[PDB]
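Residue numbers (the numbering used here), protein chains in the order written: chain A, 351 to 713; chain B, 351 to 713; chain C, 351 to 713; chain D, 351 to 713.
By construction, the Cβ of each residue, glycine as well, lies at the ideal position given by its N, Cα and C atoms.
Read through the structure below, which is laid out as structure tokens, and then see the notes.
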Ligand SMILES: *[C@@H]1O[C@H](CO)[C@@H](O)[C@H](O)[C@H]1NC(C)=O
Ligand SMILES: *[C@@H]1O[C@H](CO)[C@@H](O)[C@H](O)[C@H]1NC(C)=O
Ligand SMILES: *[C@@H]1O[C@H](CO)[C@@H](O)[C@H](O)[C@H]1NC(C)=O
Ligand SMILES: *[C@@H]1O[C@H](CO)[C@@H](O)[C@H](O)[C@H]1NC(C)=O
Ligand SMILES: [Ca+2]
Ligand SMILES: [Ca+2]
Ligand SMILES: [Ca+2]
Ligand SMILES: [Ca+2]
Ligand SMILES: [Ca+2]
């Protein structure tokens, strides 16, 4: 085994094709399946896995019950496999999780009991992190980023989003190798969703407090970091008011509330978003020439990927292969499902970028 | 791993013995199984796999619904395994698929969304192919042929069969390495089912337009190709009128409509067909001394392999082993099933050729 | 991998302990399980497998139907695993089967269609055997014996048991390496169940014609063979009349009918049998000092292994390990079950010999 | 493979974090799962397994039936997997079991039929042990201890607890390599639960006769052994009266009855116990500076791990890895469950020690 190394240069992306689609994205879910929530995807050098948080089996769960965070566990499955009892791999106990593969073992961060974080490397507990700022900690709920055997993840603390604190942790073989406070003051940065290019990790957060755009974060291996705010009238977050003119300030109108989502910075740049913030129906992703951080930059192409489906969280992931100089970039989108008889499991659909332009398709 | 090399010389075939039979070919299907359609078989050097297109699970599907191509996904399973959720391997999104293993990875061609073709090599998307002549593209719906690390497949374009266009593609490690237009004019050539011998690939198509016989195609690595029409009163296609005298022309009577099926050219030659084109009941295969392309050649032995079973598509496949100088040849046949309560999944039965003659048997 | 070599010297056996017990031997069988018949056990150097013939799934099968040999298929499972759809390994098509592992692949003999035998080595069809003496052939329905990379099995031919013919086949890497006709005249020898010791294979047959004792057969690698008849008033077969005095003739009273069962020849010798031939209840095994072929020899110890259970076929098998100079010997016994709602699947219990004496136990 | 070697020095334990939790510990159990009893955990160098004794499947079992020891079988599963039919591994026939992995194979001791003990090494029967003192034998119902390729286990004999006898057995590659009678007179010592440190094995028994504290046992490779009685007013057993002053005698009040549980002796020492002996609700573990065997020693910290759950047996186990000089120590607790419709399966929750102090949590 060899430390996971990611490609320094990103693939040109001009289009998107689905690489995976759960069976609940179209039909109903069999009752025997585990009910999932907080799905995401994270890849090893061998394969891509779908992590999630269990709500219990659909058959042993009655509708009248609301189920509760303390009862929740973190499971894994191979992306492409359905969450049947036999496919499930128990990962840890918790109601929130993030994970990444360094090239040796899986590192998994879970939030449990009190609201602290267990860190487990290859299934065994190597470290715990405790809340200072009070109230429960919170993980990215997205793949963390490993490069050269050290992994980077962002952890949130605090009673409310008005009062949140965020630390950027560095992990090695499952133990914390230090961290840095991120200066958040005046705004809020939750559920960051991240990728790596050109020696820097680039994360799209979610502002649940005072913002209908998405804060953006750049940092490198030495923890020198800057927050950037996108200067485009295309509002990523949900809910949100209305599209605006471009400006490098933050859009405070309907800024409160939010759901996890991404933006991609590159040669081409992308913003994905929920189409109808009322009904939560549809998902669109939208292309831009040059940076998201210039007020100068121009909308080009809008792909309405999903129309008929109730959408929620979305996030990025990078699969790792020899491939070539090119680093592939993919993203997932969680979708409302229902069990054969009621119940609100979610399922996944994933897209990968192609260099080619693509035709208009509703999946 | 070593590039898949097929035997230059074909095994003498004088009979057929079944090597596999789905549980739906006899009893009813358990509701928890995935409903399948467009089944075929393709072999690696390690094993044979059964590909198919999902209609959803039988328990989560209600009868009153008709299901639709856009919801459909291409799965794989090991031949001999039943399509339980735990056995399935997600392969791609699409409503039509063909595949073949080059000795390294599986190549899979799927048709999805707009009606274009994704090509995926070892599960990742390496290439796409888009329709020029308009309307959806169409795959062999049969194993494609790999020899020496390059794979050959045939792709159909066009709004209607009167107007169809066919390209013969060449693929390497999942990217297209060029193609050639096949001259189809005056006829139509769908769902080719192919094998390899004596330095040539030989494919039996299905003419859905103006023919009750089956077009036949020979081509080699340099894409020099010729279409041949069989000169025998034994009508392959379905439906069809009646058996005729031998002639090297095409039988236009009841030539319209059709279903996928094969012919074998060799020392001994074979034509398989559905017995009762009205009821679609029964499958017979029929031996001939010498070519199918001489008007001279004589019927010899008729094997009625299936009598009690409702039949549909049929196709060839070559398993690959060291074995000997001899290249084994097998074929599958798709059979109507039903779930434990209604629903029309299909199952497979497969036959392999033996050198020996065989007694009369209804399987 | 190395050619399977069996121990020349047999373990001293003075008692029996169960090593495995199906869940149907106690409670009822879950409807989703495959219904089995003609269960037996055969071991590789890696593991022991349970072979059987399917009657279909218990949920998809209705009671009013009687199911038929032509619909039957041969499955394998790992001994200790239940025949769930996910555990099943399709082995061949047929209603009767025998198998043995040579140290490289599994050899399986199946009887199908016309009533001929397919021979498959490692899942592929290497050879077929056809009936001369008319009517369907018949396999041991018990593990065949492999030693030093050649395998030995016994095949029956003939319209009725009055008129049976038996050949002793030799197989290598799945092809027949010849056979010998066994001189059966005047009696009948079905379902032989065999083991290997002291350079000789020793088979206990079942006489369905004119005998309430069990024919016994000795042969070696060169196919020199003798039939012996046990000279003991303990009647192995079922049904049977009554226990007799000892004589080296054959007991013709109630000699007709029969069911597969064994005898063990050694320092100690064993005869196992169904206790109550009327109700088919119970199974006892019974120890003897010295040979079964001397009228001199004395009953010693009677173990009543099963009392409450409806019994049927029983057979031997030798597991292979390094262990020591000692060759272990075990046997299985097939037991009537019922599905959660009617239906007559069978399950297995197996016993292995220990050197120690054992207490009286009803399992 | 290499003989399993355990760490001489124990990890400092100042807190406990759950590493696994069964789905029945929170929700209801799906009916298709096997009903379990006598759960425990034992680890190999590869993985930890969960052993248990089957009551049959939840779907095929009706409530009105009480099920009986003779029908019971010993299964295994990988810790973290659910006891679905497809996950189960058949281990032996019996109603009571203990197991441990020496570094080569699993050794499993089972009690069946008459009440004797089968010993199976790597799934094959290597030895049996019979009762002298009459009445059924009994196993630890807990992981036995392997170190350097020899394994140690404790076996109970006798009609009643007033009259019990206990031998300490030594096993190698599955055969008994001798034993020693433990001097129990005047008390009783059942279901010992054990770990290894500092060249000694340390076991916490349960006195079902005359004691509300828990006997404690120290022995080494040469079988030199001493019984110690803990000198602390914290009563381990259940039921029990009331907490007392500290003294080195045994607490006779409500001494009768009992259930399996543990104590840890170390730098820090621990007693775990059921919180409310009436209702059997809740589990607390309690920390002590220095030995449990001095009247001098002081309660320090009480962790209430479980509050809302009905508790039963609890036991230790040591997972084995390279880790470091530190030998990890974990324990499991069995918890009442219920199937989707009635029935009293049990599930597991396991805790591992951390060096760090931990916050108060109700899991
Ligand atoms: C982490 O483990 C890798 C192999 O897993 C090893 O090469 C490296 O030295 C380890 N790093 C630390 C900080 O222990
Ligand atoms: C195709 O793949 C094989 C490895 O499977 C490799 O050695 C060869 O370089 C590849 N050729 C091309 C054109 O990609
Ligand atoms: C059979 O295969 C073995 C290896 O399994 C080989 O060594 C031997 O030469 C083979 N013989 C025949 C006749 O196929
Ligand atoms: C136990 O097993 C190992 C091989 O795995 C062997 O070398 C060792 O000698 C055995 N010990 C005994 C007492 O048989
Ligand atoms: Ca917002
Ligand atoms: Ca036609
Ligand atoms: Ca399963
Ligand atoms: Ca008889
Ligand atoms: Ca007590």
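Neighbourhood of residue i by C-beta, 6 Å cutoff - its chain only, sequence neighbours within 5 removed
| i | result |
| --- | --- |
| residue 558 of chain D | 511, 538, 540, 608 |
| residue 501 of chain D | 450, 452, 457, 494, 521 |
| residue 443 of chain B | 423, 462 |
| residue 417 of chain B | 405 |
| residue 605 of chain B | 560, 561, 562 |
Option in the options with minimal Cα separation from residue i
| i | options | result |
| --- | --- | --- |
| residue 435 of chain D | D/451, D/420, D/408 | D/408 |
| residue 360 of chain A | A/467, A/710, A/673 | A/673 |
| residue 544 of chain B | B/397, B/418, B/469, B/669 | B/669 |
| residue 646 of chain C | C/485, C/598, C/503, C/550 | C/598 |
| residue 473 of chain A | D/691, D/702, D/481, D/362 | D/702 |
| residue 483 of chain D | D/513, D/504, D/588 | D/513 |
| residue 572 of chain C | C/530, C/381, C/485, C/588 | C/530 |
| residue 385 of chain B | B/425, B/606, B/396 | B/425 |
| residue 526 of chain D | D/704, D/686, D/478 | D/478 |
| residue 420 of chain D | D/396, D/464, D/440 | D/464 |
Cβ-Cβ separation, residue j to residue i (assumed contact under 8 Å), whole Å
| i | j | result |
| --- | --- | --- |
| residue 399 of chain D | residue 428 of chain D | 6 Å |
| residue 567 of chain D | residue 553 of chain D | 4 Å |
| residue 595 of chain B | residue 583 of chain B | 6 Å |
| residue 378 of chain C | residue 689 of chain C | 7 Å |
| residue 697 of chain D | residue 374 of chain D | 4 Å |
| residue 642 of chain A | residue 542 of chain A | Contact doesn't hold; Cβ gap of about 16 Å is too wide. |
| residue 667 of chain A | residue 392 of chain A | 6 Å |
| residue 412 of chain B | residue 684 of chain B | In fact, because the Cβ distance is near 24 Å, the residues do not count as touching under 8 Å. |
| residue 518 of chain C | residue 506 of chain C | With a Cβ gap of about 11 Å, residue 518 of chain C and residue 506 of chain C do not count as contacting. |
| residue 509 of chain D | residue 485 of chain D | 4 Å |
Beta-carbon spacing of residue i, residue j below 9 Å
| i | j | result |
| --- | --- | --- |
| residue 560 of chain D | residue 591 of chain D | no |
| residue 649 of chain B | residue 633 of chain B | no |
| residue 454 of chain A | residue 353 of chain A | yes |
| residue 625 of chain A | residue 657 of chain A | yes |
| residue 401 of chain C | residue 387 of chain C | no |
| residue 372 of chain B | residue 699 of chain B | yes |
Proximal residues to residue i (C-beta, below 7 Å), its chain only, five neighbours per side dropped
| i | result |
| --- | --- |
| residue 601 of chain C | 561, 562, 563, 585, 594 |
| residue 707 of chain A | 364, 365 |
| residue 351 of chain B | 453, 454 |
| residue 471 of chain D | 455, 457, 523, 524 |
| residue 578 of chain C | 566, 568, 643 |
| residue 652 of chain C | 634, 636 |
Own chain partners of residue i with C-beta closer than 8 Å, once the 5 adjacent residues on each side are dropped
| i | result |
| --- | --- |
| residue 613 of chain C | 554, 564, 566, 580, 586, 619, 620, 621, 622, 642 |
| residue 382 of chain D | 407, 408, 409, 434, 435 |
Can you pull out the residues from the segment 510-539 of chain D whose beta carbon lies closer than 8 Å to at least one beta carbon of chain C?
Listed by position, the residues of the segment 510-539 of chain D near chain C (Cβ gap below 8 Å) amount to none.
According to a CB-to-CB cut-off of less than 7 Å, which residues of the segment 423-439 of chain A neighbour chain B?
Only 430, 432, 434, 436, 437 from the segment 423-439 of chain A bring a Cβ to less than 7 Å from some Cβ of chain B.
What are the residues in the segment 388-410 of chain B lying within 7 Å of chain A by C-beta distance?
Taken in chain order, the members of the segment 388-410 of chain B whose beta-carbon sits within less than 7 Å of a beta-carbon on chain A are 406, 407, 409, 410.
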